[PDB]
$ cat work_31.cif   # mmCIF, C-alpha atoms (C1' of nucleotides) and all ligand atoms
data_start
loop_
_atom_site.label_atom_id
_atom_site.label_comp_id
_atom_site.auth_asym_id
_atom_site.auth_seq_id
_atom_site.Cartn_x
_atom_site.Cartn_y
_atom_site.Cartn_z
CA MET P 1 3.20 65.29 6.97
CA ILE P 2 0.40 65.41 4.41
CA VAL P 3 0.75 63.85 0.98
CA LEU P 4 -1.68 64.47 -1.88
CA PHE P 5 -1.45 61.97 -4.75
CA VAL P 6 -3.10 62.57 -8.14
CA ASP P 7 -3.71 59.82 -10.70
CA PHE P 8 -5.49 60.67 -14.01
CA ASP P 9 -8.55 58.59 -14.96
CA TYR P 10 -8.24 55.98 -17.79
CA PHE P 11 -5.67 58.38 -19.11
CA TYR P 12 -4.78 57.45 -22.69
CA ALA P 13 -8.38 56.75 -23.59
CA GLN P 14 -9.65 59.86 -21.82
CA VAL P 15 -7.22 61.98 -23.85
CA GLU P 16 -8.58 60.44 -27.04
CA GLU P 17 -12.09 61.40 -25.83
CA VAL P 18 -10.94 64.97 -25.16
CA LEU P 19 -9.59 65.21 -28.72
CA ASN P 20 -12.69 63.53 -30.20
CA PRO P 21 -15.64 64.01 -27.81
CA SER P 22 -18.01 62.04 -30.03
CA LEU P 23 -16.21 59.06 -28.46
CA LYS P 24 -17.61 59.83 -25.01
CA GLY P 25 -20.08 57.27 -23.68
CA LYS P 26 -18.91 54.54 -26.04
CA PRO P 27 -16.31 51.85 -25.30
CA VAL P 28 -12.87 53.15 -26.28
CA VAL P 29 -9.84 50.87 -26.51
CA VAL P 30 -6.30 52.23 -27.00
CA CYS P 31 -4.17 49.56 -28.65
CA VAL P 32 -0.54 48.61 -29.13
CA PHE P 33 -0.44 46.94 -32.57
CA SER P 34 2.62 44.69 -32.96
CA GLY P 35 2.41 44.00 -36.70
CA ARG P 36 2.68 40.20 -36.82
CA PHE P 37 -0.91 39.86 -38.10
CA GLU P 38 -4.09 41.95 -38.58
CA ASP P 39 -4.81 42.82 -34.95
CA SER P 40 -1.80 41.32 -33.19
CA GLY P 41 -0.91 43.26 -30.06
CA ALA P 42 -2.29 44.17 -26.67
CA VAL P 43 -4.48 46.83 -25.11
CA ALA P 44 -2.72 49.76 -23.37
CA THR P 45 -5.93 50.80 -21.59
CA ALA P 46 -9.67 51.22 -22.17
CA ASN P 47 -12.28 53.59 -20.79
CA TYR P 48 -14.59 52.44 -18.00
CA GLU P 49 -17.36 51.65 -20.46
CA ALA P 50 -15.14 49.02 -22.09
CA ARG P 51 -13.76 47.83 -18.76
CA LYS P 52 -17.22 46.88 -17.54
CA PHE P 53 -17.06 44.02 -20.04
CA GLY P 54 -13.56 42.82 -19.18
CA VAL P 55 -11.62 44.90 -21.71
CA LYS P 56 -8.60 46.49 -20.09
CA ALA P 57 -4.85 47.00 -20.09
CA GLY P 58 -2.85 43.91 -20.99
CA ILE P 59 -5.40 41.74 -22.79
CA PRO P 60 -4.83 40.77 -26.45
CA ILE P 61 -6.52 43.13 -28.93
CA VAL P 62 -8.09 40.08 -30.60
CA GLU P 63 -9.57 39.02 -27.27
CA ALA P 64 -11.00 42.51 -26.73
CA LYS P 65 -12.61 42.40 -30.17
CA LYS P 66 -14.29 39.07 -29.41
CA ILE P 67 -15.96 40.70 -26.38
CA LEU P 68 -16.71 44.13 -27.89
CA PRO P 69 -16.59 43.87 -31.69
CA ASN P 70 -18.13 47.34 -32.09
CA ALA P 71 -15.98 49.29 -29.64
CA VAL P 72 -13.73 52.03 -31.00
CA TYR P 73 -10.15 50.72 -31.32
CA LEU P 74 -7.45 53.41 -31.55
CA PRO P 75 -3.67 53.08 -31.85
CA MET P 76 -1.69 54.41 -28.88
CA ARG P 77 -0.32 57.91 -29.56
CA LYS P 78 2.02 58.28 -26.57
CA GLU P 79 3.60 61.59 -27.65
CA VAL P 80 0.16 63.25 -27.57
CA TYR P 81 -0.66 61.87 -24.11
CA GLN P 82 2.76 62.96 -22.90
CA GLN P 83 2.26 66.58 -23.91
CA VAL P 84 -1.18 66.68 -22.29
CA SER P 85 0.29 65.13 -19.15
CA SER P 86 3.07 67.73 -18.95
CA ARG P 87 0.51 70.50 -19.06
CA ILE P 88 -1.36 68.89 -16.19
CA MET P 89 1.88 68.40 -14.25
CA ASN P 90 2.57 72.13 -14.66
CA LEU P 91 -0.80 72.92 -13.07
CA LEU P 92 -0.07 70.76 -10.02
CA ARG P 93 3.35 72.39 -9.74
CA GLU P 94 1.28 75.47 -8.88
CA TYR P 95 -0.06 73.80 -5.74
CA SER P 96 3.30 72.81 -4.25
CA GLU P 97 7.06 73.31 -4.38
CA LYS P 98 7.57 69.73 -3.20
CA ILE P 99 6.30 67.64 -6.10
CA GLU P 100 7.26 64.22 -7.44
CA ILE P 101 6.09 63.33 -10.94
CA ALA P 102 6.02 59.54 -10.61
CA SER P 103 5.00 58.78 -14.20
CA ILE P 104 3.04 59.92 -17.28
CA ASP P 105 -0.13 60.16 -15.25
CA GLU P 106 0.78 60.21 -11.56
CA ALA P 107 2.25 62.77 -9.18
CA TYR P 108 2.81 63.22 -5.45
CA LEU P 109 2.62 66.60 -3.74
CA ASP P 110 3.86 67.31 -0.24
CA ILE P 111 1.25 69.82 0.92
CA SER P 112 2.25 69.74 4.59
CA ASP P 113 3.27 73.40 4.82
CA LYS P 114 0.39 74.85 2.81
CA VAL P 115 -2.40 73.00 4.58
CA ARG P 116 -3.44 72.19 8.14
CA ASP P 117 -5.51 69.10 8.95
CA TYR P 118 -7.19 66.86 6.37
CA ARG P 119 -10.16 69.21 5.99
CA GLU P 120 -8.13 71.77 4.08
CA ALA P 121 -6.24 68.94 2.37
CA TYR P 122 -9.53 67.57 1.04
CA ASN P 123 -10.55 71.06 -0.08
CA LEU P 124 -7.25 71.61 -1.89
CA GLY P 125 -7.94 68.28 -3.53
CA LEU P 126 -11.27 69.51 -4.89
CA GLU P 127 -9.70 72.71 -6.19
CA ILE P 128 -7.04 70.64 -7.93
CA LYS P 129 -9.58 68.31 -9.52
CA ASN P 130 -11.71 71.25 -10.64
CA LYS P 131 -8.72 73.17 -11.99
CA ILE P 132 -7.62 70.23 -14.13
CA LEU P 133 -11.14 69.54 -15.41
CA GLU P 134 -11.76 73.15 -16.37
CA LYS P 135 -8.34 73.64 -17.98
CA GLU P 136 -7.81 70.25 -19.67
CA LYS P 137 -11.23 68.58 -19.52
CA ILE P 138 -9.50 65.68 -17.77
CA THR P 139 -11.00 63.99 -14.72
CA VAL P 140 -8.56 62.63 -12.11
CA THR P 141 -8.65 60.85 -8.77
CA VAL P 142 -7.01 62.23 -5.64
CA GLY P 143 -5.71 60.28 -2.66
CA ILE P 144 -4.56 61.91 0.59
CA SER P 145 -2.76 60.44 3.58
CA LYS P 146 0.30 60.63 5.84
CA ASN P 147 2.73 59.07 3.33
CA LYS P 148 3.08 58.26 -0.38
CA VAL P 149 1.97 54.63 -0.10
CA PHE P 150 -1.29 55.31 1.66
CA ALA P 151 -1.99 58.31 -0.58
CA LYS P 152 -1.78 55.98 -3.59
CA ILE P 153 -3.94 53.33 -1.92
CA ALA P 154 -6.45 56.05 -1.09
CA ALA P 155 -6.68 57.04 -4.76
CA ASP P 156 -6.95 53.40 -5.81
CA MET P 157 -9.93 53.07 -3.47
CA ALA P 158 -11.57 56.26 -4.76
CA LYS P 159 -11.22 55.65 -8.50
CA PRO P 160 -12.65 56.91 -10.81
CA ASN P 161 -13.16 60.69 -10.64
CA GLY P 162 -12.88 60.50 -6.88
CA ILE P 163 -11.05 61.87 -3.86
CA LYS P 164 -10.32 60.13 -0.59
CA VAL P 165 -8.51 60.73 2.66
CA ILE P 166 -7.01 57.96 4.76
CA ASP P 167 -6.46 59.52 8.20
CA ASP P 168 -4.09 58.29 10.91
CA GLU P 169 -6.89 56.13 12.31
CA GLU P 170 -7.74 54.40 9.03
CA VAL P 171 -4.05 53.74 8.43
CA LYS P 172 -4.03 51.68 11.62
CA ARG P 173 -7.08 49.75 10.44
CA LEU P 174 -5.69 49.14 6.95
CA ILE P 175 -2.48 47.78 8.41
CA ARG P 176 -4.68 45.03 9.84
CA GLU P 177 -7.34 44.60 7.16
CA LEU P 178 -5.60 45.29 3.83
CA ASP P 179 -4.60 42.21 1.83
CA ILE P 180 -0.83 42.61 1.61
CA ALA P 181 -1.09 41.82 -2.09
CA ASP P 182 -2.88 45.19 -2.33
CA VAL P 183 0.23 47.05 -1.17
CA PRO P 184 2.22 48.86 -3.91
CA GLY P 185 5.32 46.88 -4.87
CA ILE P 186 3.85 43.53 -3.91
CA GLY P 187 3.27 41.65 -7.15
CA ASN P 188 2.12 38.09 -7.76
CA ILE P 189 5.55 36.59 -7.05
CA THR P 190 6.03 38.35 -3.72
CA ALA P 191 2.43 37.83 -2.61
CA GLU P 192 2.81 34.06 -2.98
CA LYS P 193 6.13 34.09 -1.11
CA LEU P 194 4.44 36.02 1.71
CA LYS P 195 1.44 33.66 1.83
CA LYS P 196 3.77 30.70 2.40
CA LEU P 197 5.29 32.54 5.34
CA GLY P 198 1.78 33.06 6.64
CA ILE P 199 1.79 36.80 5.90
CA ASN P 200 -1.68 37.80 4.67
CA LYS P 201 -1.73 41.35 6.02
CA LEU P 202 0.85 44.05 6.70
CA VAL P 203 0.46 43.38 10.44
CA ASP P 204 1.64 39.80 9.95
CA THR P 205 5.08 41.11 8.94
CA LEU P 206 5.68 42.22 12.55
CA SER P 207 5.53 38.76 14.15
CA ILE P 208 8.01 37.11 11.79
CA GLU P 209 11.76 37.13 12.34
CA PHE P 210 13.31 39.69 10.01
CA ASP P 211 16.11 37.43 8.77
CA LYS P 212 13.41 34.97 7.71
CA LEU P 213 11.47 37.65 5.84
CA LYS P 214 14.68 38.99 4.29
CA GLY P 215 15.67 35.50 3.20
CA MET P 216 12.42 35.07 1.28
CA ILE P 217 11.76 38.49 -0.26
CA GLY P 218 15.03 40.40 0.03
CA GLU P 219 16.22 42.97 2.57
CA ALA P 220 14.76 45.98 0.76
CA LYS P 221 11.24 44.58 0.38
CA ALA P 222 11.31 43.34 3.99
CA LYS P 223 12.37 46.68 5.50
CA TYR P 224 9.76 48.33 3.26
CA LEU P 225 6.87 46.16 4.49
CA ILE P 226 7.94 46.35 8.14
CA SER P 227 8.20 50.15 8.05
CA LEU P 228 4.65 50.30 6.69
CA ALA P 229 3.33 47.78 9.19
CA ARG P 230 4.91 49.85 11.97
CA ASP P 231 3.20 52.99 10.67
CA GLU P 232 6.71 54.37 10.21
CA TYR P 233 7.14 54.52 6.43
CA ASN P 234 7.98 58.09 5.45
CA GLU P 235 9.77 58.51 2.13
CA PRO P 236 10.18 62.15 1.04
CA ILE P 237 8.68 63.61 -2.15
CA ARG P 238 11.53 64.37 -4.55
CA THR P 239 12.17 65.09 -8.21
CA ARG P 240 12.65 61.94 -10.27
CA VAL P 241 15.23 62.01 -13.05
CA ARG P 242 15.07 59.67 -16.07
CA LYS P 243 17.91 57.17 -15.82
CA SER P 244 17.52 55.25 -19.08
CA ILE P 245 15.92 55.60 -22.52
CA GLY P 246 15.28 52.79 -24.96
CA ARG P 247 13.03 51.22 -27.56
CA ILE P 248 12.16 47.61 -28.34
CA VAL P 249 10.21 46.47 -31.37
CA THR P 250 8.37 43.31 -32.48
CA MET P 251 9.63 41.64 -35.63
CA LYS P 252 7.16 40.49 -38.29
CA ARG P 253 8.44 36.95 -37.79
CA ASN P 254 10.84 35.37 -35.32
CA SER P 255 14.44 34.97 -36.45
CA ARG P 256 18.06 34.13 -35.64
CA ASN P 257 19.31 35.64 -38.88
CA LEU P 258 21.52 38.63 -38.10
CA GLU P 259 20.77 40.41 -41.39
CA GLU P 260 17.04 39.96 -40.81
CA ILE P 261 17.23 41.34 -37.25
CA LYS P 262 19.58 44.30 -37.82
CA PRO P 263 17.05 46.65 -39.47
CA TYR P 264 14.73 46.42 -36.44
CA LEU P 265 17.67 46.88 -34.08
CA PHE P 266 18.91 49.90 -36.03
CA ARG P 267 15.47 51.54 -36.11
CA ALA P 268 15.35 51.03 -32.35
CA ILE P 269 18.70 52.82 -32.06
CA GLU P 270 17.62 55.76 -34.25
CA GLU P 271 14.42 56.32 -32.29
CA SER P 272 16.32 55.93 -29.00
CA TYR P 273 18.84 58.60 -29.99
CA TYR P 274 16.10 60.96 -31.10
CA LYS P 275 14.55 60.49 -27.65
CA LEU P 276 17.86 60.97 -25.81
CA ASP P 277 17.97 64.43 -27.35
CA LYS P 278 20.96 66.07 -25.64
CA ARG P 279 21.66 63.28 -23.16
CA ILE P 280 24.81 61.23 -23.79
CA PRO P 281 24.84 57.65 -22.44
CA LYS P 282 27.89 55.66 -21.34
CA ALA P 283 26.03 52.33 -21.29
CA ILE P 284 24.18 50.35 -23.92
CA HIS P 285 22.22 47.13 -23.54
CA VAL P 286 20.69 45.09 -26.35
CA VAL P 287 17.49 43.44 -25.16
CA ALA P 288 15.87 40.52 -26.90
CA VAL P 289 12.53 38.86 -26.26
CA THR P 290 12.68 35.23 -27.36
CA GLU P 291 10.07 33.17 -29.19
CA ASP P 292 8.91 31.80 -25.82
CA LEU P 293 8.57 35.41 -24.65
CA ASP P 294 11.56 35.17 -22.32
CA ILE P 295 13.78 38.27 -22.01
CA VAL P 296 17.55 38.19 -22.49
CA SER P 297 20.02 41.08 -22.65
CA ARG P 298 23.71 41.87 -22.98
CA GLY P 299 25.26 45.25 -22.42
CA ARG P 300 28.46 47.21 -22.02
CA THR P 301 29.46 50.31 -20.09
CA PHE P 302 32.11 52.53 -21.72
CA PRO P 303 34.51 54.92 -19.95
CA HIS P 304 33.08 57.68 -22.18
CA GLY P 305 29.88 58.69 -23.98
CA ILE P 306 28.50 56.57 -26.82
CA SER P 307 28.26 58.16 -30.29
CA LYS P 308 25.59 56.82 -32.66
CA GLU P 309 28.23 55.08 -34.76
CA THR P 310 29.62 53.40 -31.65
CA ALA P 311 26.08 52.34 -30.70
CA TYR P 312 25.49 50.76 -34.12
CA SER P 313 28.77 48.88 -33.93
CA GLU P 314 28.50 47.71 -30.31
CA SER P 315 24.84 46.73 -30.67
CA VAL P 316 25.64 44.27 -33.46
CA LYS P 317 28.30 42.66 -31.29
CA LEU P 318 25.91 42.39 -28.33
CA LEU P 319 23.21 40.88 -30.55
CA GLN P 320 25.73 38.34 -31.86
CA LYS P 321 26.55 37.47 -28.24
CA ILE P 322 22.87 36.83 -27.51
CA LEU P 323 22.53 34.62 -30.60
CA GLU P 324 25.72 32.76 -29.64
CA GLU P 325 24.62 32.19 -26.05
CA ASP P 326 20.91 31.48 -26.54
CA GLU P 327 19.59 28.94 -29.07
CA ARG P 328 16.08 30.37 -29.20
CA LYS P 329 14.66 32.46 -32.03
CA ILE P 330 14.25 36.16 -31.33
CA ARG P 331 10.79 37.74 -31.41
CA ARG P 332 11.40 41.31 -30.17
CA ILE P 333 14.67 43.23 -30.39
CA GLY P 334 15.73 46.57 -28.95
CA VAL P 335 18.18 48.72 -27.05
CA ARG P 336 18.40 50.74 -23.87
CA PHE P 337 20.80 53.57 -23.08
CA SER P 338 21.73 54.52 -19.53
CA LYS P 339 24.47 56.00 -17.30
CA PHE P 340 24.01 59.47 -18.73
CA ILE P 341 26.83 61.99 -18.52
"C1'" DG Z 1 36.71 40.19 5.06
"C1'" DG Z 2 34.74 43.70 2.53
"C1'" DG Z 3 34.58 48.02 -0.58
"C1'" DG Z 4 33.18 49.13 -5.01
"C1'" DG Z 5 31.51 48.35 -9.84
"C1'" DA Z 6 29.59 45.86 -13.68
"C1'" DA Z 7 26.76 42.32 -15.83
"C1'" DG Z 8 22.38 39.68 -16.27
"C1'" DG Z 9 18.14 38.87 -14.41
"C1'" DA Z 10 13.97 39.08 -11.14
"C1'" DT Z 11 9.97 41.94 -10.08
"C1'" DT Z 12 6.98 45.45 -10.53
"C1'" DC Z 13 3.14 47.92 -13.00
"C1'" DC Z 14 5.09 53.35 -11.49
"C1'" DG Z 15 3.03 51.81 -17.53
"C1'" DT F 1 1.16 33.87 -26.16
"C1'" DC F 2 2.38 37.48 -19.89
"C1'" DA F 3 -0.57 37.79 -27.90
"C1'" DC F 4 2.77 45.56 -26.00
"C1'" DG F 5 8.91 51.51 -21.25
"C1'" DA F 6 11.50 52.11 -17.15
"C1'" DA F 7 12.98 51.71 -11.94
"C1'" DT F 8 14.76 49.16 -7.80
"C1'" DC F 9 16.77 45.43 -6.17
"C1'" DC F 10 19.34 40.89 -6.04
"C1'" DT F 11 22.91 37.45 -7.16
"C1'" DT F 12 27.30 36.53 -9.09
"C1'" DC F 13 31.74 37.60 -10.69
"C1'" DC F 14 35.85 40.37 -10.49
"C1'" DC F 15 39.65 43.49 -8.84
"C1'" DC F 16 42.04 44.98 -5.00
"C1'" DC F 17 44.14 45.99 -0.27
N1 LIG D 401 1.42 49.81 -23.26
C1 LIG D 401 0.85 49.77 -22.06
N2 LIG D 401 0.42 50.89 -21.48
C2 LIG D 401 -0.15 50.89 -20.27
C3 LIG D 401 -0.33 49.70 -19.57
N3 LIG D 401 -0.93 50.01 -18.42
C4 LIG D 401 -1.12 51.33 -18.39
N4 LIG D 401 -0.65 51.87 -19.52
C5 LIG D 401 -0.67 53.30 -19.90
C6 LIG D 401 -2.04 53.75 -20.42
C7 LIG D 401 -2.72 54.17 -19.12
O1 LIG D 401 -3.78 55.09 -19.40
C8 LIG D 401 -1.55 54.93 -18.50
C9 LIG D 401 -1.81 55.10 -17.00
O2 LIG D 401 -1.95 53.82 -16.40
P1 LIG D 401 -2.99 53.60 -15.20
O3 LIG D 401 -2.55 52.22 -14.51
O4 LIG D 401 -2.99 54.70 -14.21
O5 LIG D 401 -4.45 53.27 -15.82
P2 LIG D 401 -5.49 54.30 -16.50
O6 LIG D 401 -4.89 55.61 -16.15
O7 LIG D 401 -5.50 53.75 -17.88
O8 LIG D 401 -6.74 53.75 -15.65
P3 LIG D 401 -7.10 54.17 -14.14
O9 LIG D 401 -8.36 55.16 -14.21
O10 LIG D 401 -5.98 54.75 -13.37
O11 LIG D 401 -7.64 52.82 -13.45
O12 LIG D 401 -0.41 54.08 -18.72
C10 LIG D 401 0.09 48.51 -20.14
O13 LIG D 401 -0.08 47.43 -19.56
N5 LIG D 401 0.69 48.54 -21.40
CA CA D 402 -4.50 56.52 -14.11
CA CA D 403 -1.23 55.64 -12.69
CA CA D 404 -0.58 43.41 -6.14
CA CA D 405 -1.82 49.97 -13.93
#
$ encode --input "work_31.cif" --output "structure tokens"
Amino acid sequence: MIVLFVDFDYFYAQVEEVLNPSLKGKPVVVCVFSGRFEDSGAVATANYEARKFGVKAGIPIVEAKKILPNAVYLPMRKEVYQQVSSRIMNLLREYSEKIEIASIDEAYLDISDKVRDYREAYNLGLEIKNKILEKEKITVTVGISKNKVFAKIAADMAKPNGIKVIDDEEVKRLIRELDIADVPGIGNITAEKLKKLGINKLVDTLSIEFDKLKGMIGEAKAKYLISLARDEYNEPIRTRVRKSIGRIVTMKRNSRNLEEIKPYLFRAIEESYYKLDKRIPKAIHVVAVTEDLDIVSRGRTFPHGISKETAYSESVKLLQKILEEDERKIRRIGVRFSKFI
DNA sequence: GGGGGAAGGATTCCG
DNA sequence: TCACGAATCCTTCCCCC
């Protein structure tokens, strides 16, 4: 089986460059302004120019401005990036029936039946890159391998504006050389757990008793890592369906005052329903981010769909539950709808 | 003993 | 300040035969 993974380069910022080309060549920072003060918030992403100086996704906007005071700072316009993405996804859909859109700027294509060997795979990769650049003026990076995980790793190694193939022979090498922390799904928490067990590479997962691994990182993560280490991981490319829709907003100031919090909560509900469109959820969860940036939530699943009036009513009750069961002040408040009919 | 579900949270980083 | 949306999985609790 041959998998071709496509990941768009510094996506949000590149889209802003496409819409305003005079931005090209200069540091561009797309920001998420939270409203607590002047430039409160964090960076969603920055172009490679800005990243050379340490400005990238996740850092505080104020910290980015200390480093690059003259960069161009733009507010994130997700709806715009989403429409551009969809167009790109429709182009890729032209190169394969088996396609998995993994996110706003990532997709996996099973090109096994329309290509022989990695030579043709590579060539199809170039045609894809070129097609997207000519049609949308968007550069992307392509990764190709025997399964989804190595196709993604391949792209990560080839970024930006690249293309790379990880053949059956390199897979074997990577299993031995690749820091296990570099494997998708292995975050900081899991990587530390694995280090303690003496697992530094995928290979290491083969000489440890499974029950021991499972006990430390969970059955699912253990079976996942072992399958990869055995060169046996082979998850099919399939359509992904959205399972939940929600919105969470930052309040000007922290609070525990119901009447002060409600307006934010209600705006979150209105936007969430607009997003749901025709989907009707049976579950609602109120999510709160506390002053110490901890996350707490309380939800309820109904035996039927939730009307907006029901959502307003139930949300207030769930919020009251949070306030009653957690003494901390609330900093961010929101809702999430799931279990669609 | 174990088959669901549901609730709240841990992790991930797919953003 | 993780200074800002969504999926999978895990633990615990609960109902039931
Ligand atoms: N709000 C927010 N958005 C993010 C964050 N990380 C990524 N995004 C958004 C903007 C990114 O352009 C988009 C795609 O994420 P990617 O991880 O693929 O990074 P990008 O595409 O920005 O850079 P890349 O060339 O792939 O290294 O998702 C984040 O931490 N917060
Ligand atoms: Ca990307
Ligand atoms: Ca991506
Ligand atoms: Ca990692
Ligand atoms: Ca990322």
$ residues_near_ligand --input "work_31.cif" --ligand "ligand CA 402 (chain D)" --cutoff "6 Å" --atoms "only C-alpha atoms (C1' of nucleotides) and all ligand atoms" --output "PyMOL selection string"
chain P and resi 7-11+105
$ closest_atom_pairs --input "work_31.cif" --of "chain P" --to "ligand CA 403 (chain D)" --cutoff "12 Å" --atoms "all atoms listed in the file" --output "tab-separated table"
residue	atom	partner	partner_atom	distance
P:5	CA	D:CA403	CA	10.2
P:6	CA	D:CA403	CA	8.5
P:7	CA	D:CA403	CA	5.3
P:8	CA	D:CA403	CA	6.7
P:9	CA	D:CA403	CA	8.2
P:10	CA	D:CA403	CA	8.7
P:11	CA	D:CA403	CA	8.3
P:12	CA	D:CA403	CA	10.8
P:45	CA	D:CA403	CA	11.2
P:57	CA	D:CA403	CA	11.9
P:85	CA	D:CA403	CA	11.6
P:101	CA	D:CA403	CA	10.8
P:102	CA	D:CA403	CA	8.5
P:103	CA	D:CA403	CA	7.1
P:104	CA	D:CA403	CA	7.6
P:105	CA	D:CA403	CA	5.3
P:106	CA	D:CA403	CA	5.1
P:107	CA	D:CA403	CA	8.7
P:108	CA	D:CA403	CA	11.2
P:140	CA	D:CA403	CA	10.1
P:141	CA	D:CA403	CA	9.9
P:142	CA	D:CA403	CA	11.2
P:143	CA	D:CA403	CA	11.9
P:152	CA	D:CA403	CA	9.1
P:153	CA	D:CA403	CA	11.3
P:155	CA	D:CA403	CA	9.7
P:156	CA	D:CA403	CA	9.2
P:159	CA	D:CA403	CA	10.8
P:160	CA	D:CA403	CA	11.6
P:184	CA	D:CA403	CA	11.6
$ interface_residues --input "work_31.cif" --of "chain P" --to "chain Z" --cutoff "9 Å" --atoms "only C-alpha atoms (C1' of nucleotides)" --output "list in words"
residues 44, 102, 103, 104, 106, 184, 185, 186, 187, 189, 190, 295, 296, 297, 298, 299, 300 and 301 of chain P
$ closest_residue --input "work_31.cif" --among "P:193, P:252, P:317, P:36" --to "chain F" --atoms "all atoms listed in the file"
P:36
$ interface_residues --input "work_31.cif" --of "chain F" --to "chain P" --cutoff "8 Å" --atoms "all atoms listed in the file" --output "PyMOL selection string"
chain F and resi 1+3-6+9-10
$ write_last_selection --input "work_31.cif" --atoms "C-alpha atoms (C1' of nucleotides)" --output "tab-separated table (two decimals), keeping the file's coordinate frame"
chain	number	residue	atom	x	y	z
F	1	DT	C1'	1.16	33.87	-26.16
F	3	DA	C1'	-0.57	37.79	-27.90
F	4	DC	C1'	2.77	45.56	-26.00
F	5	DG	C1'	8.91	51.51	-21.25
F	6	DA	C1'	11.50	52.11	-17.15
F	9	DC	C1'	16.77	45.43	-6.17
F	10	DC	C1'	19.34	40.89	-6.04
$ atom_distance --input "work_31.cif" --atom1 "atom CA of residue P:25" --atom2 "atom CA of residue P:70"
13.2 Å
$ atom_distance --input "work_31.cif" --atom1 "atom CA of residue P:337" --atom2 "atom CA of residue P:224"
29.0 Å
$ residues_near_point --input "work_31.cif" --point "(-13.7, 51.7, -25.1)" --cutoff "7 Å" --atoms "all atoms listed in the file" --output "ChimeraX atom specification"
/P:26-29,46-47,49-50,71-72
$ write_last_selection --input "work_31.cif" --atoms "C-alpha atoms" --output "PDB file, keeping the file's coordinate frame"
ATOM      1  CA  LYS P  26     -18.910  54.540 -26.040  1.00  0.00           C
ATOM      2  CA  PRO P  27     -16.310  51.850 -25.300  1.00  0.00           C
ATOM      3  CA  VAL P  28     -12.870  53.150 -26.280  1.00  0.00           C
ATOM      4  CA  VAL P  29      -9.840  50.870 -26.510  1.00  0.00           C
ATOM      5  CA  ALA P  46      -9.670  51.220 -22.170  1.00  0.00           C
ATOM      6  CA  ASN P  47     -12.280  53.590 -20.790  1.00  0.00           C
ATOM      7  CA  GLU P  49     -17.360  51.650 -20.460  1.00  0.00           C
ATOM      8  CA  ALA P  50     -15.140  49.020 -22.090  1.00  0.00           C
ATOM      9  CA  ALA P  71     -15.980  49.290 -29.640  1.00  0.00           C
ATOM     10  CA  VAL P  72     -13.730  52.030 -31.000  1.00  0.00           C
TER      11      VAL P  72
END
$ residues_around --input "work_31.cif" --residues "residue P:230" --least-positions-apart "5" --cutoff "12 Å" --atoms "all atoms listed in the file" --output "PyMOL selection string"
chain P and resi 171-172+174-176+202-207+223-225
$ atom_distance --input "work_31.cif" --atom1 "atom CA of residue P:111" --atom2 "atom CA of residue P:4"
6.7 Å
$ axis_aligned_box --input "work_31.cif" --around "ligand LIG 401 (chain D)" --padding-each-side "4 Å" --output "lines of an AutoDock Vina configuration file"
center_x = -3.5
center_y = 51.5
center_z = -18.3
size_x = 17.8
size_y = 16.2
size_z = 17.9
$ closest_residue --input "work_31.cif" --among "P:327, P:94, P:117, P:167" --to "residue P:131" --atoms "only C-alpha atoms"
P:94
